[PDB]
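Below is one structure, written out as structure tokens, with a few remarks after it.
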Amino acid sequence: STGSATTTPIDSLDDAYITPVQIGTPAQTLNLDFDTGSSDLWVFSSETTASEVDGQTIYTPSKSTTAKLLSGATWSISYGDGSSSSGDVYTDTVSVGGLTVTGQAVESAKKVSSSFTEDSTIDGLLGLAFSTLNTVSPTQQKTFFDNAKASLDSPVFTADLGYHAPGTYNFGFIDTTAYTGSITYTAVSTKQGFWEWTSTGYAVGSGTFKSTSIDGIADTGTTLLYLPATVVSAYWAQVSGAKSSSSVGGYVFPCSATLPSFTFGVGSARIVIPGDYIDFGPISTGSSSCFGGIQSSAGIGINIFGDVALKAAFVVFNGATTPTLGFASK
């Protein structure tokens, strides 16, 4: 089997992407944030505290003929941005882009933190990291990918995120029309439950490439590119008037600037992030200070190749017995 679904930016900045997901019988379609940095499929639901729901579409298990309470199971998750959610668990039929899994754990939120409530466009998350990170207790549950894997034509999914445009998540096949040149594959460590890999270095603009190992994670659920402070300082030093602002919480730059590109290495290959991808617009409405898309990972404890980086590539998440990542230009 295969599946193919379009993923759509939630706003004009590409702060996140949503993908429609069918849950239950008859189908209830929710728009989920596919997150290769976590391993829980959780939804706004009929159980969510009413004051914490503001415009989201909810899953109502009582209206699904295939929903079953997973008795005694609970979940609770905290993300890198400080957000959180928790609740109880159903199993139900879940389809993505025509690919169906029966018996998928659908984590129903009883509580969500304010950032979730305030984002009306995201109805929940679909985690695509390794199932070792799944938070269900006392019986850990599998991701949608892990449950689909054995049925897929190939044990892979791909992320093809757009810049200010829709893109695609495919399951079970590699669309050879969706990228240019060849795909470079690189090793993955699953020791922390992430798609963790090592970039071979970077360049700023037209500058020379710096060969240096940068360990980090491929994380579709993180907006920005978080890299070591040395690398980030070297990038922003090329932008007149850029500075790190402790009050704003990262590097800002004059909205009048033209940003340089940023290149990262994948083995001997290179992915170029155009400068425009690094502009996250005014820090507050009408400001002439703009927020940067490359930020320091210092204090986060891991480097994160978030959407800023991944949207410059066609990315293969290879879930074979030994997982690997692949990157191609597009």
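To match Swiss-Prot, the residue numbers of chain A are left as they are there, and the shown ones run 90-419.
Using N, Cα and C of the backbone, Cβ positions are placed for all residues, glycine too.
Positions annotated as domain 'Peptidase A1' by Swiss-Prot: 106-417. The active site feature in Swiss-Prot is assigned to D124, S288. Annotated disulfide bond per Swiss-Prot: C344-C379, in sequence order.
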Cβ-based isolation winner (fewest other Cβ atoms within 10 Å) among the disulfide-bonded residues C344, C379: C344
Cα-to-Cα gap, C344 (disulfide bond) vs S288 (active site), nearest whole Å: 30
Rounded distance in angstrom between the Cα atoms of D124 (active site) and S288 (active site): 20
Coarse DSSP state, helix versus strand versus coil, of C344 (disulfide bond): coil
Cα separation, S288 (active site) to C379 (disulfide bond) (Å, whole number): 27
Protein Cβ atoms within 10 Å of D124 (active site), excluding its own: 21
Neighbourhood of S288 (active site), C-beta criterion under 8 angstroms, separation at least six: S302, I303, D304, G305, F353, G354, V355, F394
